[PDB]
Amino acid sequence: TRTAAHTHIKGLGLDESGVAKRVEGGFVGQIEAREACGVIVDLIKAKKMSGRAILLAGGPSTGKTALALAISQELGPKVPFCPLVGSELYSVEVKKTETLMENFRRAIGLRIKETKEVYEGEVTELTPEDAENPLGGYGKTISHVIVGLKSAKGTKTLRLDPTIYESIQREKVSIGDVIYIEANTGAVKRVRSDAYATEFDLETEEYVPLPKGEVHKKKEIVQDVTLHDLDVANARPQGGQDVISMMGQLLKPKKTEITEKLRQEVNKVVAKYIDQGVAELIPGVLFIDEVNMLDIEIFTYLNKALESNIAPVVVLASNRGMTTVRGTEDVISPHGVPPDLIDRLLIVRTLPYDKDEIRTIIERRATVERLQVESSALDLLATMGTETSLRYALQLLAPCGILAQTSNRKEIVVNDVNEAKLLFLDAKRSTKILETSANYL
Amino acid sequence: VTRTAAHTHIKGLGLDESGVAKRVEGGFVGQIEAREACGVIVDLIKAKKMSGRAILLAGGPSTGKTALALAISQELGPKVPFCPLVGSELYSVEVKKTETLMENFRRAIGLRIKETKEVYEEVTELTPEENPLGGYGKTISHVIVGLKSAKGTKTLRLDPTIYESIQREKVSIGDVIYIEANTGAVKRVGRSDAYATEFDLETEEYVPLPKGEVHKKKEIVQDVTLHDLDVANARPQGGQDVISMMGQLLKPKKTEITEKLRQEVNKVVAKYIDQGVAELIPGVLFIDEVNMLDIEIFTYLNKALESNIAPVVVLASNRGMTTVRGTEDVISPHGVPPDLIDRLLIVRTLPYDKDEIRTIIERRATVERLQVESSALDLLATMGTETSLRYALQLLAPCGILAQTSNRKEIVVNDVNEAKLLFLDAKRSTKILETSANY
Amino acid sequence: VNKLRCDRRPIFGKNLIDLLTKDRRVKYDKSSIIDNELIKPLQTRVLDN
Amino acid sequence: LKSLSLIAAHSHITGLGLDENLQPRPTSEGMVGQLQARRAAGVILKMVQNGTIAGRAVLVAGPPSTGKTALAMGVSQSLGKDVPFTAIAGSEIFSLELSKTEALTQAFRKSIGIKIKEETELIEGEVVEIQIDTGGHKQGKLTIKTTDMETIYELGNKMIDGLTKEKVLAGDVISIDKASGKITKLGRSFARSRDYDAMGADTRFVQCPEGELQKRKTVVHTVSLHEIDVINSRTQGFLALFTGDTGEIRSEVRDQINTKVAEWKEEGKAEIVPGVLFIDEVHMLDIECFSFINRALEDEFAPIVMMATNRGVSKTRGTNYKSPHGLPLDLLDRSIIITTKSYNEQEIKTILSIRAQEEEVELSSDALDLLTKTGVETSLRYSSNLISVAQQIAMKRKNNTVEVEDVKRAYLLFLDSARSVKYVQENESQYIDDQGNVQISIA
Amino acid sequence: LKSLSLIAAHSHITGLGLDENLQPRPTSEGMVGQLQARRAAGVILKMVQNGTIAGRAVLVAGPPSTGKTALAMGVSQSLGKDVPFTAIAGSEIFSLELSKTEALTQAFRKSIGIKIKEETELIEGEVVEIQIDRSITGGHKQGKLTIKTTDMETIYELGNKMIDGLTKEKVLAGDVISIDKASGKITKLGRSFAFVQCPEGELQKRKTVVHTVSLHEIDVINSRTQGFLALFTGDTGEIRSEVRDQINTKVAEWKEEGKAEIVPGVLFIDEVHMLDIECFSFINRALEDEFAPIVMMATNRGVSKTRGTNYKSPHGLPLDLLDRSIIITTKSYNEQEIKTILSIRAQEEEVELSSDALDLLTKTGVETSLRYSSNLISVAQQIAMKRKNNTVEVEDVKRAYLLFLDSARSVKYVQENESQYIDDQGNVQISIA
Amino acid sequence: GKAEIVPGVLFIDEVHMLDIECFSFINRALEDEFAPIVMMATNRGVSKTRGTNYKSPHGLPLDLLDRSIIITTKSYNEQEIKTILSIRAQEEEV
Ligand SMILES: Nc1ncnc2c1ncn2[C@@H]1O[C@H](COP(=O)(O)OP(=O)(O)O)[C@@H](O)[C@H]1O
Ligand SMILES: Nc1ncnc2c1ncn2[C@@H]1O[C@H](COP(=O)(O)OP(=O)(O)O)[C@@H](O)[C@H]1O
Ligand SMILES: Nc1ncnc2c1ncn2[C@@H]1O[C@H](COP(=O)(O)OP(=O)(O)O)[C@@H](O)[C@H]1O
Ligand SMILES: Nc1ncnc2c1ncn2[C@@H]1O[C@H](COP(=O)(O)OP(=O)(O)O)[C@@H](O)[C@H]1O
Ligand SMILES: [Mg+2]
Ligand SMILES: [Mg+2]
Ligand SMILES: [Mg+2]
Ligand SMILES: [Mg+2]
């Protein structure tokens, strides 16, 4: 139930065979950009190339963040999407290289799936199956152990090796409370039942209704975890009275420089599990916008890392033109990016919309906000939006509607908008205020 | 066994109810306007009626800004808090300097708390002994413990926790304790003198026998600021296991104080003052060499002066049309930006005069318990008037050394000229360093 | 002693232990059943080495 | 004045509580004028109170001392309580262990509002007096005697050995959880107040609650999610709530907490509360901050920020080019502007009188008019200090009224900025330049 | 065994395809052209496998996108196996737990290695009988495990602590089991069934195992106590030089007597065109060290100011280290070379491009860069896959080219519209009017 | 009457190299009631004042220069060098 200049851009107006139409799927216009991003999405789903990159070129409110959020939505939970700006890379705690390695390992995922048999029910009995002691000594020798169980509508007794007696000894099964044992792995595990819950006025005992389903069942689990999670689990020492783990916990551990030995071992183990079929790797799209501030060292580092084998696609965004590259003034290059990167990367352009498309944008934003304006005022709204800007009209529509609501109205008529534009100003009027007033204003 | 360093010759502004100053009193001579303004400001301060007042004074070196600061600090008495620290101390290492400035504002504001406490104290006799009333092994909850003291003995049993406190103190039957009943724990006076002399030697102190009646009761009044409470709450105070000893053995570092802690301490101090426990007094803040501060502080103070608890601060810049340290074009009088001076007013601290300077030198001779002749005093005062009083001030003591080595108790023209020859000044060095082949 | 009790009773804290336990509970019990070898922590790596 | 607060430069102004008409008044709650500005501020405050739309922005400009900080404080007061206000200045983001970007993120995380509810169960009034008939707990039933029901509770393996846990004399009010919980002491009884003369710090005496025992109690909390972040930062992350060693909170915790709050809101266990951000004099901030906010203020959880500055055509810190207002065009595009105006005589005199009332200061006609002249030729802050100094003079002059005498004494003994600059320019001989150019010599 | 990866740019060439005399084939083992560069790589690899020379700086310069890193990785892979080799980049020199001095020191140390041989013994067979005498809730037990092969019957025994070691996990009476003597470690060769046949041969086999370890690892393991955590966490910095000297003399006398064998490695540095002059002097002092891996460099620019200085020294490198370095310059590609590269990249992508696809790829390589073609191939292939055939005609390539942009086109678009996007003085335009 | 105060004297070197924050620190310390005497010296003359953008005689600005006192030192002739070297030699018993 929240909205911040959003909740109206979903998808890209996509379709099978890659066609983008005029007004559909939230987006309006930018057929070239939307089809290019759809092709990019298909490439990401293919999972063939490593470490590609595409930049953007345009002015304010052209879809850069909108396109990024659209592709992020199109990815879904299957493929992670990591948005970022290079300004967050100013990590005082640890160096830039380690931060980029951590982002890389975060943008690499592995999906694990497995199924374990479960034998459920309630222990109806426990009896020995005696045989005479064959080896040295005589007396008792239990051949095996068979124990009954009953979940809802499913009753079955499990025959099992006699060794499960130790589990019965170890887990203190009592009789008919909780059962967790498998055919091969074996051993019972305990977690009483609500039927006995009223036998005590107050206790600290656990209870549970009767288990449902049949005695034998299976459970399916799917979990997508990044390799960085495994790396940090390996690195961070967790434990108890052992001096290493409790000393680390006392020390408030920081971003220690993990050695590449453990990283490569983790990669080897992950690959050896994945090839066996028990696991499979899925990439993750890292996205960084407003990249003009990124300095020369990061430019060279990304130029080096573009060729990495495990490198996932990283999509970059900016809007600068003929400027001096941030980091140092020696390189005065387009888009605040040295030509070392421009000539080696795919450039995509954007441009603002026409009056019809921008008017549809304003109208749809009004519809999402639930406010509305009649034609006799929306025509002048469109004319002023063309005159001033898109963000100006989009942001100032809400004050007009709220003023009307406080003025006992629901529509937006000529008065409210006239006085609203009379009161507030914009960037050009801001410069005029700067260079007209002579009282420090 | 005394040391006077450019001060201890000042003891007050020397004013009256009618704002009338005294020409020679309290170590201050002259400055009618400055003394009147300082008296008005300190009279406003004593009422505790306001917060966040500020003032800038324009005073050159040796004009008397530090003297005025010390005098005003002594006007409010030792109990009123004060923390005038150097302007270069803001740029710290382990904590961001705005946080340090907040910490100083927290320190400056004062308070007076109190608490009444009782305490019992050697041990006359001892009889130890409740029921488990169930499956428990037993229930020990009362032991009669003796309490000798001097003026009467009153044995008494309390909660068992006092008994385990007795074992914790490891006190024998002939051992004196000091048990504040507010906590039930033990504070150890030591051993006793009655059951003493059991051996010819004892490393443990015999300790004087406690004086007075055992059921001692008293009240304590302490004036403590809030930052001490903050730092006490920040670190643990007790513990028995490894964490406590390792933390105490660990060296704490200066950190950032959270505003939620400010709300908490304000709430608790309000609750305590509403019970009559504590009374309120504001603080006084002073900073010297302020023009070296940067523009970010000079503009953050614009809003920091609006803090409702911030005490009265005094601002002191000596330079003139200077840019704030770190400003490309923000040049202002005394190195303080106009948007900051729009929040306070200006005083003028001016240098001294002929009779004024000679009386200053004579009084410094008095506080240095040395006798000064008229000729030497006039020479010192005159050459101070041309160049600087501080030259004569720093020549007084070596001239006394020369007089003592001459086995005389007065300064003669010979001594002052000998000190002048053996000890130069800035002016003589303004025309002598250029002709130096070796730097 | 009435004053003693009246001052001893209010030892209230800002954030209760219950407010912490509810913030340190488990919603999803577990996942990734085979995980005894995907990590094999360093405390066991020293043993293996 | 619940806390040790003494006085404010603007304490008379507590709340931008515009009337139901929202049409500005010539005078209201002590403020005068700001008509269109107050109307827009009321609109903004209502939009914030809506709690359904995020990612808004408003900019404030104009010369200082026009109540801008007072404007924000009045907005906060009119917003009431349960809405914590982020009190952060411009010079608080260049921290050592907290980079500016995630410092702004932490400020926003504090700025959010949320509510949480929970339910538990207890037993009240358990004046027990166990009596059983060694060890083993044979026939393990305990008498329980509260105000309403006085019976004997049967126990089991966990209680017959749980009553021997928390070894007590069973003559006190105790609490047990009927939902399979542990035993907690709430204090002894008044009969136990007299048995021991000096009760130990642990032992306190509280009456048996006047009612039944099985109490199902609901609790409500208002804790920001960043506090939960600090709590679950480490295995025992409770010491770090106040110390301040957060450590540049990672974004994985941020998105996990976003998912958790979303799912709890869908469950109904949590509901949101609007928040505001305000920092004064945004001009003295890095261009990196403006670039970051221009993207971070359109996120799903994007509380509005109260932008405010007063500089002119200058350069955004972190760049070299001339910029509007010392702010980038991108930040000067996705916002709306609030401006102030030069003071007039009437509001100057009214504000001076209101301040004198707030300071418990009496001002007569002559002093009021003279100080209005001072505050119109100069700014009003000089007269706001002069009323205080003149009341000090008066109460030293054995009177309470302020007139031409105290005002003139202040004028002679306190210097105007323009005349201070003139004195500086005419006495530069005693002053020092950058190169240490000082004329110490006198004669 | 295979390491995870995707279709990488350098996943297209392996080795150099040299000869006995190191003569370069025009196109072999992926590498295309660069005949004298291939000869230099070959002489370098023979020089490093000689093992008689340490500490020789080599630098390579050339225009951007000119296969320098391709040659470098080919050389690195051509180094064979069973020998360590470490590589770093132009921005990993800096560190916080380490100084740049110590970071470069560790980078130099990691390459060289040692290998110590030792004897190993093992028992192997199939547990087909087991009998353990164990009292319940007791503290005294014995056992007899009949670990056997298909050759003889053998009931082995356990000592004091071996019962737990051989009963930590499931041990049955059919299972093929191999245990070691000096440690008693359990290794699951596989269950017999329910699936490996009972083994033949003799139970107890002996062998030899050689363990490898790098110089820095030896320095860090024995210097202190917590350094084992530093093997992974890296919680150490500026190891005391006394331990370094002791391990150096230990290695020297080990090599002298002959217990172990040295396996010298190689250190690799690329994009060193930016680096502090302090690090350059660090290289200048480390090159003549007694133990020194062969060090490579790289550069893209020419006359330029080295970091930490203010003189535009040639090759981005100070003249002192320039003179003491072996320069291998690279020149541009031939059109034959670029079209062969396009063909081998396409077949590495195993994308069945048409002839016209390679024609346009070569035309683009003539007009502009080659990696832009290495992305145009992918986009054209995907657009053709939008037509479902396994061929790319002129239509897909032309559409991809007139929808996407290289450097020059976008540069000219911004040039003719400098007032639209943000310029150096900070003005951008949102409205088309 | 349990302790004994011993107010010693501090020696410092290279004061032209000192920085302005240290200058203000010592400026306030001199005016403080507790400050041991100072032996401070600048080998360089009319050198750049470290920590500031301006150069003044002794590498120190005129404020502290006037606050303190000055003792000039001039170079040697040859005969005292001869005597010093003879003392050095007889100390080295050669
Ligand atoms: N091409 C577009 N289609 C739809 N919405 C857009 C488009 N461009 C901008 N917007 C709107 O503007 C917001 C993002 O603006 P953005 O394009 O990122 O500005 P800039 O161009 O300065 O980066 C989104 O919330 C979106 O609703
Ligand atoms: N009016 C005065 N009467 C007596 N002594 C004074 C007076 N003004 C200054 N002094 C003395 O001069 C000494 C140096 O003053 P100083 O602190 O340098 O002044 P400022 O702070 O203006 O530079 C002080 O120890 C003080 O005792
Ligand atoms: N409308 C008003 N009514 C009453 N007092 C006012 C009004 N406007 C301004 N003031 C007074 O002027 C001062 C304005 O200061 P302020 O503008 O908050 O400082 P800054 O410009 O640094 O934010 C306040 O202390 C307040 O007492
Ligand atoms: N002769 C070649 N053989 C194989 N691959 C080449 C050749 N020339 C260029 N490439 C490819 O083009 C890219 C250019 O990189 P490279 O020439 O190694 O370094 P640089 O880009 O610094 O010149 C390489 O990634 C490589 O895959
Ligand atoms: Mg974006
Ligand atoms: Mg303000
Ligand atoms: Mg390369
Ligand atoms: Mg001073």
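Start at 1 and count along the chain as shown; that gives each residue its number.
Header entry for method reads electron microscopy, 4.4 Å.
Just so you know, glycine gets a Cβ as well, placed from its N, Cα and C.
Per Swiss-Prot, ATP binding site is recorded for B:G59, B:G60, B:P61, B:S62, B:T63, B:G64, B:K65, B:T66. In three-state terms derived from DSSP, B:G59 (ATP binding site) belongs to an extended strand segment.
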By the DSSP assignment reduced to helix, strand and coil, which category contains B:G64 (ATP binding site)?
-> coil
The number of other Cβ atoms within 10 Å of the Cβ of B:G64 (ATP binding site), counted over all protein chains shown, is 22
Write out the long-range same-chain contacts of B:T63 (ATP binding site), meaning residues 6 or more apart in sequence whose Cβ is under 8 Å from its Cβ.
-> B:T349, B:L350, B:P351, B:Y352
Excluding B:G59, B:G60, B:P61, B:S62, B:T63, B:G64, B:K65, B:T66 themselves, which residues in that chain have a Cβ inside 8 Å of the centre of the Cβ atoms defining the ATP site?
-> B:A67, B:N318, B:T349, B:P351
Note: in the chain of B:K65 (ATP binding site), residues six or more apart in sequence with C-beta under 8 angstroms of its C-beta are B:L57, B:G59, B:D288, B:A316, B:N318, B:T349
Binding-site residues B:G59, B:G60, B:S62, B:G64, B:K65, B:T66 with CB under 8 A of any chain D CB, in sequence order, are B:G60
When a 10 Å sphere is centred on the Cβ of B:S62 (ATP binding site), how many other Cβ atoms does it contain?
-> 21
Going through the binding-site residues B:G60, B:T63, B:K65 in order, which have a C-beta under 8 angstroms from some C-beta of chain F?
-> none
Just how many other Cβ atoms lie inside 10 Å of the Cβ on B:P61 (ATP binding site)?
-> 20
Would you mind checking how many other C-beta atoms are within 10 angstroms of the C-beta on B:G60 (ATP binding site)?
-> 21
